[PDB]
$ cat structure.pdb   # PDB, N, CA and C atoms
ATOM      1  N   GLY D   1       0.827  -1.239   0.000  1.00  0.00           N
ATOM      2  CA  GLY D   1       0.000   0.000   0.000  1.00  0.00           C
ATOM      3  C   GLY D   1       0.842   1.262   0.000  1.00  0.00           C
ATOM      4  N   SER D   2       0.400   2.266  -0.750  1.00  0.00           N
ATOM      5  CA  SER D   2       1.120   3.533  -0.835  1.00  0.00           C
ATOM      6  C   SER D   2       0.167   4.713  -0.667  1.00  0.00           C
ATOM      7  N   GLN D   3      -0.965   4.660  -1.362  1.00  0.00           N
ATOM      8  CA  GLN D   3      -1.962   5.723  -1.283  1.00  0.00           C
ATOM      9  C   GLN D   3      -3.055   5.373  -0.274  1.00  0.00           C
ATOM     10  N   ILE D   4      -3.250   4.073  -0.041  1.00  0.00           N
ATOM     11  CA  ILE D   4      -4.248   3.593   0.903  1.00  0.00           C
ATOM     12  C   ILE D   4      -5.566   4.372   0.805  1.00  0.00           C
ATOM     13  N   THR D   5      -6.431   4.203   1.803  1.00  0.00           N
ATOM     14  CA  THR D   5      -7.723   4.880   1.823  1.00  0.00           C
ATOM     15  C   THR D   5      -7.860   5.763   3.061  1.00  0.00           C
ATOM     16  N   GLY D   6      -8.424   6.951   2.874  1.00  0.00           N
ATOM     17  CA  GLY D   6      -8.601   7.870   3.983  1.00  0.00           C
ATOM     18  C   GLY D   6      -9.789   7.515   4.859  1.00  0.00           C
ATOM     19  N   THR D   7     -10.949   8.079   4.537  1.00  0.00           N
ATOM     20  CA  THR D   7     -12.167   7.837   5.304  1.00  0.00           C
ATOM     21  C   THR D   7     -12.871   6.570   4.843  1.00  0.00           C
ATOM     22  N   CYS D   8     -13.068   6.476   3.543  1.00  0.00           N
ATOM     23  CA  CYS D   8     -13.778   5.360   2.954  1.00  0.00           C
ATOM     24  C   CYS D   8     -12.954   4.071   2.987  1.00  0.00           C
ATOM     25  N   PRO D   9     -13.416   3.034   3.724  1.00  0.00           N
ATOM     26  CA  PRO D   9     -12.693   1.765   3.817  1.00  0.00           C
ATOM     27  C   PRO D   9     -12.760   0.945   2.534  1.00  0.00           C
ATOM     28  N   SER D  10     -12.175  -0.239   2.604  1.00  0.00           N
ATOM     29  CA  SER D  10     -12.187  -1.183   1.500  1.00  0.00           C
ATOM     30  C   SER D  10     -13.594  -1.438   1.031  1.00  0.00           C
ATOM     31  N   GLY D  11     -14.467  -1.648   1.993  1.00  0.00           N
ATOM     32  CA  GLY D  11     -15.855  -1.914   1.697  1.00  0.00           C
ATOM     33  C   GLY D  11     -16.416  -0.898   0.735  1.00  0.00           C
ATOM     34  N   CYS D  12     -15.955   0.346   0.845  1.00  0.00           N
ATOM     35  CA  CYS D  12     -16.410   1.389  -0.055  1.00  0.00           C
ATOM     36  C   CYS D  12     -15.813   1.184  -1.438  1.00  0.00           C
ATOM     37  N   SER D  13     -14.572   0.694  -1.504  1.00  0.00           N
ATOM     38  CA  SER D  13     -13.941   0.473  -2.796  1.00  0.00           C
ATOM     39  C   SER D  13     -14.692  -0.622  -3.511  1.00  0.00           C
ATOM     40  N   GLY D  14     -15.004  -1.661  -2.764  1.00  0.00           N
ATOM     41  CA  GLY D  14     -15.792  -2.741  -3.324  1.00  0.00           C
ATOM     42  C   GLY D  14     -17.281  -2.461  -3.266  1.00  0.00           C
ATOM     43  N   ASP D  15     -17.870  -2.602  -2.084  1.00  0.00           N
ATOM     44  CA  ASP D  15     -19.292  -2.337  -1.933  1.00  0.00           C
ATOM     45  C   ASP D  15     -19.528  -0.856  -1.724  1.00  0.00           C
ATOM     46  N   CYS D  16     -19.979  -0.217  -2.769  1.00  0.00           N
ATOM     47  CA  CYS D  16     -20.274   1.204  -2.725  1.00  0.00           C
ATOM     48  C   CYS D  16     -21.597   1.479  -2.020  1.00  0.00           C
ATOM     49  N   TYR D  17     -21.606   1.451  -0.691  1.00  0.00           N
ATOM     50  CA  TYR D  17     -22.832   1.725   0.028  1.00  0.00           C
ATOM     51  C   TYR D  17     -23.145   3.214  -0.073  1.00  0.00           C
ATOM     52  N   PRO D  18     -24.402   3.598   0.171  1.00  0.00           N
ATOM     53  CA  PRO D  18     -24.842   4.988   0.041  1.00  0.00           C
ATOM     54  C   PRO D  18     -24.011   6.007   0.800  1.00  0.00           C
ATOM     55  N   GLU D  19     -23.580   5.691   2.009  1.00  0.00           N
ATOM     56  CA  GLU D  19     -22.846   6.680   2.781  1.00  0.00           C
ATOM     57  C   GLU D  19     -21.441   6.905   2.241  1.00  0.00           C
ATOM     58  N   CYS D  20     -21.001   6.097   1.275  1.00  0.00           N
ATOM     59  CA  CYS D  20     -19.684   6.323   0.696  1.00  0.00           C
ATOM     60  C   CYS D  20     -19.721   7.648  -0.086  1.00  0.00           C
ATOM     61  N   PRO D  21     -18.842   8.620   0.226  1.00  0.00           N
ATOM     62  CA  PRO D  21     -18.822   9.909  -0.481  1.00  0.00           C
ATOM     63  C   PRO D  21     -18.420   9.758  -1.952  1.00  0.00           C
ATOM     64  N   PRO D  22     -18.969  10.606  -2.838  1.00  0.00           N
ATOM     65  CA  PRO D  22     -18.693  10.561  -4.274  1.00  0.00           C
ATOM     66  C   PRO D  22     -17.253  10.215  -4.646  1.00  0.00           C
ATOM     67  N   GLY D  23     -17.139   9.389  -5.672  1.00  0.00           N
ATOM     68  CA  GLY D  23     -15.836   8.977  -6.185  1.00  0.00           C
ATOM     69  C   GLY D  23     -14.988   8.223  -5.176  1.00  0.00           C
ATOM     70  N   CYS D  24     -15.606   7.745  -4.103  1.00  0.00           N
ATOM     71  CA  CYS D  24     -14.852   6.985  -3.107  1.00  0.00           C
ATOM     72  C   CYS D  24     -14.725   5.533  -3.541  1.00  0.00           C
ATOM     73  N   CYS D  25     -15.793   4.985  -4.108  1.00  0.00           N
ATOM     74  CA  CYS D  25     -15.788   3.607  -4.554  1.00  0.00           C
ATOM     75  C   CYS D  25     -15.279   3.505  -5.979  1.00  0.00           C
ATOM     76  N   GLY D  26     -14.507   2.457  -6.250  1.00  0.00           N
ATOM     77  CA  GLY D  26     -13.955   2.268  -7.581  1.00  0.00           C
ATOM     78  C   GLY D  26     -13.312   3.524  -8.135  1.00  0.00           C
ATOM     79  N   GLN D  27     -12.324   4.028  -7.411  1.00  0.00           N
ATOM     80  CA  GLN D  27     -11.609   5.235  -7.809  1.00  0.00           C
ATOM     81  C   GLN D  27     -10.101   4.999  -7.872  1.00  0.00           C
ATOM     82  N   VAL D  28      -9.692   3.759  -7.651  1.00  0.00           N
ATOM     83  CA  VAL D  28      -8.278   3.404  -7.682  1.00  0.00           C
ATOM     84  C   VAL D  28      -8.043   2.158  -8.524  1.00  0.00           C
ATOM     85  N   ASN D  29      -7.999   2.362  -9.828  1.00  0.00           N
ATOM     86  CA  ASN D  29      -7.779   1.281 -10.771  1.00  0.00           C
ATOM     87  C   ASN D  29      -7.211   1.823 -12.080  1.00  0.00           C
ATOM     88  N   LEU D  30      -5.980   1.434 -12.409  1.00  0.00           N
ATOM     89  CA  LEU D  30      -5.339   1.891 -13.639  1.00  0.00           C
ATOM     90  C   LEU D  30      -5.891   1.160 -14.865  1.00  0.00           C
ATOM     91  N   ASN D  31      -7.135   0.692 -14.773  1.00  0.00           N
ATOM     92  CA  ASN D  31      -7.769  -0.018 -15.875  1.00  0.00           C
ATOM     93  C   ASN D  31      -8.608   0.936 -16.722  1.00  0.00           C
TER      94      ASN D  31
END

$ encode --input "structure.pdb" --output "structure tokens"
Amino acid sequence: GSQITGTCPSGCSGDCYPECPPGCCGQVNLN
């Protein structure tokens, strides 16, 4: 890990629940 996640946990990266702030989920992928 280098950039890691601030407020939004892994769950937000994967499961984008409503309380996840905009662009928090699926925002770290060089794809």

$ select_by_dssp --input "structure.pdb" --residues "chain D" --states "helix (DSSP H, G or I)" --output "JSON, numbers by chain"
{"D": [10, 11, 12, 13, 14]}

$ atom_distance --input "structure.pdb" --atom1 "CA of residue 18 in chain D" --atom2 "CA of residue 30 in chain D"
24.0 Å

$ residues_around --input "structure.pdb" --residues "residue 15 in chain D" --least-positions-apart "5" --cutoff "8 Å" --atoms "all atoms listed in the file" --output "PDB file with N, CA and C atoms, keeping the file's coordinate frame"
ATOM      1  N   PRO D   9     -13.416   3.034   3.724  1.00  0.00           N
ATOM      2  CA  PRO D   9     -12.693   1.765   3.817  1.00  0.00           C
ATOM      3  C   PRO D   9     -12.760   0.945   2.534  1.00  0.00           C
ATOM      4  N   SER D  10     -12.175  -0.239   2.604  1.00  0.00           N
ATOM      5  CA  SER D  10     -12.187  -1.183   1.500  1.00  0.00           C
ATOM      6  C   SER D  10     -13.594  -1.438   1.031  1.00  0.00           C
ATOM      7  N   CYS D  20     -21.001   6.097   1.275  1.00  0.00           N
ATOM      8  CA  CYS D  20     -19.684   6.323   0.696  1.00  0.00           C
ATOM      9  C   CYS D  20     -19.721   7.648  -0.086  1.00  0.00           C
ATOM     10  N   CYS D  25     -15.793   4.985  -4.108  1.00  0.00           N
ATOM     11  CA  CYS D  25     -15.788   3.607  -4.554  1.00  0.00           C
ATOM     12  C   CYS D  25     -15.279   3.505  -5.979  1.00  0.00           C
ATOM     13  N   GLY D  26     -14.507   2.457  -6.250  1.00  0.00           N
ATOM     14  CA  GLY D  26     -13.955   2.268  -7.581  1.00  0.00           C
ATOM     15  C   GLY D  26     -13.312   3.524  -8.135  1.00  0.00           C
TER      16      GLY D  26
END

$ atom_distance --input "structure.pdb" --atom1 "atom C of residue 12 in chain D" --atom2 "atom C of residue 31 in chain D"
16.9 Å

$ axis_aligned_box --input "structure.pdb" --around "range 14-26 of chain D" --padding-each-side "6 Å" --output "AutoDock Vina command-line options"
--center_x -19.1 --center_y 3.9 --center_z -2.7 --size_x 23.5 --size_y 25.3 --size_z 22.9

$ build_atoms --input "structure.pdb" --residues "range 12-27 of chain D" --atoms "N, CA, C and O atoms" --output "short mmCIF file (atom, residue, chain, number, x, y, z; two decimals), in the frame of the given file"
data_model
loop_
_atom_site.label_atom_id
_atom_site.label_comp_id
_atom_site.auth_asym_id
_atom_site.auth_seq_id
_atom_site.Cartn_x
_atom_site.Cartn_y
_atom_site.Cartn_z
N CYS D 12 -15.96 0.35 0.84
CA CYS D 12 -16.41 1.39 -0.06
C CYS D 12 -15.81 1.18 -1.44
O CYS D 12 -16.47 1.46 -2.44
N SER D 13 -14.57 0.69 -1.50
CA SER D 13 -13.94 0.47 -2.80
C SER D 13 -14.69 -0.62 -3.51
O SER D 13 -15.03 -0.50 -4.69
N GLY D 14 -15.00 -1.66 -2.76
CA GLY D 14 -15.79 -2.74 -3.32
C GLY D 14 -17.28 -2.46 -3.27
O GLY D 14 -17.89 -2.11 -4.28
N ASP D 15 -17.87 -2.60 -2.08
CA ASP D 15 -19.29 -2.34 -1.93
C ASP D 15 -19.53 -0.86 -1.72
O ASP D 15 -19.32 -0.32 -0.64
N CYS D 16 -19.98 -0.22 -2.77
CA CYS D 16 -20.27 1.20 -2.72
C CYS D 16 -21.60 1.48 -2.02
O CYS D 16 -22.60 1.73 -2.68
N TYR D 17 -21.61 1.45 -0.69
CA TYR D 17 -22.83 1.72 0.03
C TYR D 17 -23.14 3.21 -0.07
O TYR D 17 -22.28 4.01 -0.42
N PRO D 18 -24.40 3.60 0.17
CA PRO D 18 -24.84 4.99 0.04
C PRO D 18 -24.01 6.01 0.80
O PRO D 18 -23.81 7.12 0.30
N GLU D 19 -23.58 5.69 2.01
CA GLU D 19 -22.85 6.68 2.78
C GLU D 19 -21.44 6.90 2.24
O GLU D 19 -20.77 7.84 2.66
N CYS D 20 -21.00 6.10 1.27
CA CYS D 20 -19.68 6.32 0.70
C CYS D 20 -19.72 7.65 -0.09
O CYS D 20 -20.55 7.80 -0.98
N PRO D 21 -18.84 8.62 0.23
CA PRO D 21 -18.82 9.91 -0.48
C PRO D 21 -18.42 9.76 -1.95
O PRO D 21 -17.64 8.88 -2.30
N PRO D 22 -18.97 10.61 -2.84
CA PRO D 22 -18.69 10.56 -4.27
C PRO D 22 -17.25 10.22 -4.65
O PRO D 22 -16.29 10.70 -4.04
N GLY D 23 -17.14 9.39 -5.67
CA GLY D 23 -15.84 8.98 -6.18
C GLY D 23 -14.99 8.22 -5.18
O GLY D 23 -13.78 8.06 -5.38
N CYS D 24 -15.61 7.74 -4.10
CA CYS D 24 -14.85 6.98 -3.11
C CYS D 24 -14.72 5.53 -3.54
O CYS D 24 -13.68 4.91 -3.36
N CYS D 25 -15.79 4.99 -4.11
CA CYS D 25 -15.79 3.61 -4.55
C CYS D 25 -15.28 3.50 -5.98
O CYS D 25 -15.57 4.36 -6.81
N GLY D 26 -14.51 2.46 -6.25
CA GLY D 26 -13.96 2.27 -7.58
C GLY D 26 -13.31 3.52 -8.14
O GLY D 26 -13.70 4.02 -9.19
N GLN D 27 -12.32 4.03 -7.41
CA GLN D 27 -11.61 5.24 -7.81
C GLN D 27 -10.10 5.00 -7.87
O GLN D 27 -9.33 5.93 -8.12
#
